[PDB]
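Undergrad: Protein chains in written order, with the deposited numbering: chain Cm, 96 to 126; chain CU, 31 to 48, 53 to 69; chain DY, 10 to 163; chain DW, 35 to 170; chain CK, 21 to 66, 181 to 311; chain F6, 484, 542 to 622; chain CI, 389 to 430; chain IB, 503 to 653; chain Ff, 175 to 353, 378 to 821. For every residue, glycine included, the Cβ atom is placed at its ideal position computed from N, Cα and C.
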RNA sequence: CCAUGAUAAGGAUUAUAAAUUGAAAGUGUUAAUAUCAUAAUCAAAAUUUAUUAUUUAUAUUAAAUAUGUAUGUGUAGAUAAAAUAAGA
Ligand SMILES: Cc1cc2c(cc1C)N(C[C@H](O)[C@H](O)[C@H](O)COP(=O)(O)OP(=O)(O)OC[C@H]1O[C@@H](n3cnc4c(N)ncnc43)[C@H](O)[C@@H]1O)c1[nH]c(=O)[nH]c(=O)c1N2
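Right under this line is the structure:
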């Protein structure tokens, strides 16, 4: 899932202090 | 002559107008495909 | 205290890696809790390392989940982050334990082991009745009445 | 067999923090706990709260929750060499790294007057020994 | 290689505690679902063309990566050398401690290009001020990047030139074979 | 799609400032600039790659040139053994 | 652990219906782990 | 550093034919002209009594070839190990200048041969009884001494 | 005060009975032959003076041999000329005293030669002891350095003129009272190639390292067996057992007899507040230097055996490449060669024997030639220092003709403090400084980097760096140290020689992987090798990922980049020597630690203070 | 003086899910050595002769003669070992 991977990696790059558990869940669900 | 219009100005195969890291990666991929 | 011989020093990572044998030994942890309580201060880092050790020891028997399913890009980094965070909390607890042991020694007129520093009254490592005549790490010669750190009475 | 005057890694540092880094092992017994209880009882009966205030200040300074490490932050590990077991090299590297990582240089621990610690009383006046000073 | 806890039972690896709480949790869940149904019912009731056109202020930067070397040079529009070529051997990275294989690597090219640009900026300012052309408080110099070689150091060089984008602005990125 | 300078800057007394006009005898590099916002993919990925995100924590205890030196030594050993 | 196993077995013998919770919690499951025997080689 | 000349070694064996000796001597003279310090060692010669005349003949051949090629050199002390007999030829290079071809005399060669023969005989007849294990190696060495093949 | 009491005890007009060398029993043993030891030679294996004294005693008959060693009290506790640095820091002083004790043990227990150790002025102590002992021949080595050449000349003049010394004033006396016409023999034994054997004269010597290497190619080296034979025959000479130490003195139950001498300590020499001189850093190196002569010989043999020859040149290269400063295969023999414990002739003989034994390999000759080249480079620096004379130690080097591009030597005490404490931004320079300050030794590349960074990199005076390296490095040879400092500070610009390379070039060349920097500063272990040697370039995210917070640990570089005055503030630029710094909180009273004007701040005995030193102290107090 | 056997080093892989407290260590060969079935001149009491896994600082020789020399900041290179009632 290109969109989910892009969202997770954008979260990782932009917000190092806080991780997006929502984005991680979306990625693993779409996978 | 390396200034203004140069000897290789007409012999430049690939020109891309403007990050440039993506451009460089794409050009390297095209060269890899060619070779 | 009763132990006054020469001692070697070990990295805190080694004692942290030692699980419910020395570092997480319940009797030793209860002694540390009593030391904090009798001084009337909270035991937050001790309780944090206690719950961490309980959770680790409860599931140490279980096999790890399949690493193929876990994403090396994110899951492995998250696991490393959590492990480092737990290790840092345990480091803080270890440092607090050593600091408060030194402080209680100084208050109770307890002479520590050789080359042990008690801030406030030794500041350079108390050494007494050692195998080497000279003070280690300082090369200062030592008298036979080694050092009276505290006042005589009581 | 050979005799070496080399200062080993077991050298203690008596100027970095109240407790010397790479501290010597300490044995805290119940006799020490009982003596501490007796001393605290005598001190609180006499009314001298200065030592308790100093202990509270030390605890407030050195008992704060570490911060969440950003992803990618991990302690360095020793490479897996093919030259058998470099046990001594691994031990030296680990000891050197932990000696360098002094408690004063612990960046994860929030220490100093700048940080706010919403769990402990800031000054001895807030403690219950000054109950008469906070009335009506 | 073998299992460490093979002699421990599966029901013991790990042992599930708190069995007595499951019945209470199930009954509480039933009651919560019942009251949720009740409140739901209550609510329900209620030269030309594509060829680039250059400018006299733009500096031509050449990045030539080799099999075991890399070079970064710059020239003004007139055709004068702003600064001499910076090579891996000139910087000392080719000397060793990494092997001949590491010569002309991505990181090597990146650091060589970064050093060359850092040394270029004051030299470029001095060259501009020689003819009474101040750079200004905000340094935004336009450069045309020309990359040659098709090697690992090329990626490092382009990353280095992409860095410090506040001072350097890339106008055209061209490749020469 | 001088005196006044030190009065004004009390921290700068213990440091030194390079001249922007001309290159100094000791070159010092400026901090690099990274992309706060990425237009698309393969940009944040490259930034993570260049930030050391995917770099092994293992510390280099031996140089990579040791293998090359050993290979050259073995070649010369075979040569003089011939 | 041995005491817990003995008490669990006694409870199961006394009240038969207590067998299910203890068995599901793995209190009657014996582990065959045993310390290494004596050997002059080691 | 200034380039040091390689310390070349030319192997020899007891039983080399005079053609091979001549060729090796020519090569030795060539390397001496090039300035390399050369080493001549006889590897397989049996007993030290038979390995010395061949070494002397090799020295004579090297001397003749050096005289022909104008490669002046000085021969060092001849040292006989148990397995080999070796010597070093130093050409005129650097600190020590040598303008003439110098070789040990037959008197010196005979003295060296007698000394080395005595050393080898004393070693085989004395050291071997003690330098090995007693229960089996010593008994085997005594058997070798009885057979006369302990050499 | 210790110097004053030593003078009042020994250099007294009456010379009381306690501080009097006992007379011999046999009339023949009344006279003897004396030898003077110094910091340039503390060996008994290849001492030309010792061999000559043994031969003289043998020729005279049963003449006993006596040894005297007077320490230069000034060199241990007097401040440096520029910046008030210490001379012979306690790390060096302990090594010097241990080497002296090893030499005394070697002479008194193996050779049965009584060595008398004295403290104070050599030019005062030596002639008076000559007069009192009635020595006929005084054998000593030729010192040719400032504060050593002059004292040697004074010593030989006073020996020739038979002069007694009393030290209430600076007063000399004839030999009419002593309450034979002695001769002093000064011998040259410092250089590997003995003087009068050089293929070209020193005066007409062309200034060039490669030229001297080509000269040493033709030049010969004296053997050591000739002097070893004399040393061995020295044992057959009769000795005065009354001057030898007793079992109780050896065990340390009682102090040595007052006429013999007492080895001084740090406090006696003048080192005050030792707690401020304890460096609490990680010692990454795993090799030490056991002081002594037998220890030096064992170290040489071990370095030859364990394959240490590859440190000179890698196998099958024939071309010099980057060194491995983090390795333990290097020959750490510079202290033993500078202090005279190991003789260059003995080391050369060991190298020659090893090369001959392993000559079957086709590359040992190149490594031997490299080692001989380095020894000849040391000798060349000695010769160049002799040629320069006193001009070597002046400002802008000995040759002002090469200093056209040099600035006016701006001097900043805080910059010098940070440089000498290693608080810069270059990991290579920081690691080299840490190694030098902890171990007392650092590699040639590290020394080059430090001296170039202080002189040309920062614009500070080169004498400050030279004197700091003198204070730290246990292998401090005046000529070699100052000549190398001048050469790598772009003061002596002789062509046809090694190029002066940037600190960045050295970091990229000899430490490209960064093993050395990550080992001596293990807090930087997480930084990738692309970003090491420039960690200030890292952004906030990258530095948080790699666990290196600038300003907190590993502060910003001394040389800020272009700008850096608008994007940085006092929050980022953290001070290290302010009123509320850890550096002030030391010395158990509070003066500072190790650095600028440290002798003034800590030293107990200070002689001839300077206006610059007083002004610097006042500025430090104000700031 | 019997050359012939053992040993050293030393590995293999099926057990789904429910139930059960259960249903869970296996060796060629290459090596060295040796006291056995095989080929006569010489080891076991008169032992110096150098043969890997040892007790480090409150109290230290009484029953077969039962150890006086290595304190030195525990500081190298190499070598061996294990996932076994423990807690990577
Ligand atoms: C700023 C500065 C200051 C100094 C020095 C250099 C520089 C740049 N040197 C020279 C050099 O730093 C030093 O000789 C070696 O680095 C010592 O390391 P090793 O013993 O491992 O050399 P190595 O293993 O090569 O030892 C061989 C011997 O050769 C000699 N040698 C080697 N390199 C030399 C060089 N470059 N110059 C002179 N002799 C050299 C030394 O006697 C050394 O012991 C020096 N040296 C010294 O003995 N005392 C000093 O006080 C100084 N000071």
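Is the beta carbon of residue 57 (chain CU) closer than 7 Å to that of residue 47 (chain CU)?
TA: The answer is no: Cβ separation not under 7 Å.
Undergrad: Which one of 286 (chain CK), 62 (chain CK) and 34 (chain CK) has the shortest CA to CA distance from residue 245 (chain CK)?
TA: 286 (chain CK)
Undergrad: Chain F6 partners of residue 113 (chain DW), CB-CB under 9 Å?
TA: 596, 598, 599, 600, 601 and 602
Undergrad: Hey, is residue 650 (chain Ff) close to ligand 1, as in C-beta under 6 Å from one of its heavy atoms?
TA: no
Undergrad: For residue 653 (chain Ff), is the classification buried or exposed, using 16 other Cβ atoms within 10 angstroms of its Cβ as the cut-off for buried?
TA: buried
Undergrad: Give the residues from the segment 55-71 of chain DY that approach chain CK closer than 7 Å (Cβ to any Cβ), ordered along the chain.
TA: 67, 68, 70 and 71
Undergrad: Opposite residue 417 (chain CI) in the DSSP bridges: which residues?
TA: Per DSSP, none; premise fails for residue 417 (chain CI).
Undergrad: On a CA-only basis, which of 278 (chain CK), 299 (chain CK), 22 (chain CK) and 294 (chain CK) is nearest residue 591 (chain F6)? Give me that one, please.
TA: 294 (chain CK)
Undergrad: Measuring alpha carbon to alpha carbon, tell me which residue in 299 (chain Ff), 397 (chain Ff) and 279 (chain Ff) is nearest residue 182 (chain Ff).
TA: 299 (chain Ff)
Undergrad: Cβ of residue 579 (chain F6) versus every heavy atom of ligand 1: is any distance shorter than 6 Å?
TA: Not one heavy atom of ligand 1 is found less than 6 Å from the C-beta of residue 579 (chain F6).
Undergrad: For the beta strand (DSSP E) that residue 413 (chain Ff) lies in, which residues bound it at each end?
TA: Note, residue 413 (chain Ff): premise wrong, no beta strand (DSSP E); alpha helix (DSSP H) at 407-416.
Undergrad: Are any of the Cβ atoms in chain DW nearer than 7 Å to that of residue 721 (chain Ff)?
TA: yes
Undergrad: Please name the residue in 731 (chain Ff), 184 (chain Ff), 630 (chain Ff) and 720 (chain Ff) whose C-alpha comes closest to that of residue 340 (chain Ff).
TA: 184 (chain Ff)
Undergrad: Would DSSP call residue 69 (chain DY) helix, strand or coil?
TA: Coil, per DSSP.
Undergrad: From the DSSP output, in three-state form, read off residue 773 (chain Ff) for me.
TA: coil
Undergrad: Could you tell me which whole alpha helix (DSSP H) segments of length 4 or greater appear in the segment 97-124 of chain DW?
TA: Runs of the alpha helix (DSSP H) lying entirely within the segment 97-124 of chain DW and spanning at least 4 residues: none are present.
Undergrad: In chain CI, what lies closer than 9 Å to residue 40 (chain CK) by C-beta?
TA: 409
Undergrad: Are the C-beta of residue 150 (chain DW) and some C-beta of chain Cm separated by less than 7 Å?
TA: no
Undergrad: For residue 234 (chain CK), return the contacting residues in chain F6, with the cut-off set at a CB-CB distance below 9 Å.
TA: 605 and 608
Undergrad: For residue 572 (chain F6), return the contacting residues in chain CK, with the cut-off set at a CB-CB distance below 7 Å.
TA: 297 and 298
Undergrad: Could you work out which residues of chain Ff lie near residue 544 (chain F6), taking near to mean beta carbons separated by less than 7 Å?
TA: The contacting residues do not exist; residue 544 (chain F6) stays about 14 Å from chain Ff at best.
Undergrad: Hey, is residue 287 (chain CK)'s beta-carbon within less than 7 Å of any beta-carbon in chain Ff?
TA: At a cut-off of 7 Å, the C-beta of residue 287 (chain CK) has no neighbouring C-beta in chain Ff.
Undergrad: Report the CB separation of residue 599 (chain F6) from residue 41 (chain DW) in whole angstroms; it is logged as a contact under 8 Å.
TA: Wrong, their Cβ atoms sit about 23 Å apart, outside the cutoff.
Undergrad: Residue 593 (chain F6) touches chain DW at which residues, Cβ-Cβ below 7 Å?
TA: 106
Undergrad: Return the chain-ordered list of same chain residues with a C-beta closer than 8 Å to the C-beta of residue 25 (chain DY), the five sequence neighbours on each side being excluded.
TA: Residues of the same chain with a CB within less than 8 Å of the CB of residue 25 (chain DY), apart from the 5 flanking positions on each side, are 32, 96, 99, 100 and 103 in chain order.
Undergrad: Rounding to the nearest angstrom, what Cα-Cα distance links residue 521 (chain IB) and residue 572 (chain IB) in this structure?
TA: Whole-angstrom Cα-Cα distance: 21 Å.
Undergrad: Note down, in chain order, all residues in the segment 581-610 of chain IB with a beta-carbon under 7 Å from any beta-carbon belonging to chain Ff.
TA: 596 and 597
Undergrad: Starting from residue 196 (chain CK), trace the beta strand (DSSP E) in both directions and tell me its first and last residue.
TA: Start and end: 193-199.
Undergrad: Between the Cα of residue 611 (chain IB) and those of 566 (chain IB), 561 (chain IB) and 646 (chain IB), spot the shortest distance and give me the residue it belongs to.
TA: Nearest of 566 (chain IB), 561 (chain IB) and 646 (chain IB) to residue 611 (chain IB), Cα basis: 561 (chain IB).
Undergrad: Taking residue 425 (chain Ff) and residue 220 (chain Ff) to be in contact with their CB atoms under 8 Å, please state how far apart those CB atoms are, rounded to whole angstroms.
TA: 6 Å
Undergrad: Under 7 Å, do residue 490 (chain IB) and residue 556 (chain IB) count as touching if we go by C-beta distance?
TA: It is not possible to answer for residue 490 (chain IB), since the shown part of chain IB is limited to 503 through 653.
Undergrad: Hey, residue 690 (chain Ff) and residue 600 (chain Ff) are a contact pair by Cβ (cut 8 Å); roughly how many whole angstroms apart?
TA: 7 Å
Undergrad: Give the C-beta separation of residue 720 (chain Ff) and residue 131 (chain DW) to the nearest angstrom, bearing in mind that I take them to be a contact with Cβ-Cβ under 8 Å.
TA: With a beta-carbon spacing of about 4 Å, residue 720 (chain Ff) and residue 131 (chain DW) fall inside the 8 Å limit used to define contacts.
Undergrad: Helix, strand or coil for residue 162 (chain DW) per DSSP?
TA: helix
Undergrad: In the structure shown, what three-state DSSP assignment does residue 575 (chain IB) receive?
TA: strand
Undergrad: Counting only runs that start and end within the segment 658-720 of chain Ff, where is the alpha helix (DSSP H) found for 4 or more residues in a row?
TA: 660-670, 676-686, 701-708 and 713-718
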